[PDB]
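As a starting point, one isolated chain is supplied in structure tokens, in the form deposited in one PDB entry.
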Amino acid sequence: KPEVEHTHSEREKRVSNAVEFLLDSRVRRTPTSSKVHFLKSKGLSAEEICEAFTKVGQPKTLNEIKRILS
């Protein structure tokens, strides 16, 4: 196949893992930093984490995510 993009199914599934994890009641009670650090360690990118957060009803900018990861 002509590789025009990256495997979006892989990205989509990573975001899926994040959205499910972020929407966890107990995780809703943990700090944002803990959420972000864990998702990153799950193989997600900052952009993907930013999206997953917005998916769970937490609109974070990419700047926040990179900041929290640094």
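Don't overthink the numbering: it's just position in the shown sequence, from 1.
Another form exists, solved in complex with a small molecule; not displayed. Remarks below refer to it.
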Next item on the list: May I ask you to check whether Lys60 falls inside a 4.5 Å heavy atom distance of the small molecule in the bound PDB entry?
Entry: no
Margin query: Although the partner isn't part of this model, could you tell me whether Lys55 comes within 4.5 Å of the small molecule in the bound PDB entry, counting any heavy atom of the residue?
Written below: no
Note to self: If we define contact as a non-hydrogen atom of the residue within 4.5 angstroms of the partner, is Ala18 a contact of the small molecule in the bound PDB entry?
What the structure shows: yes
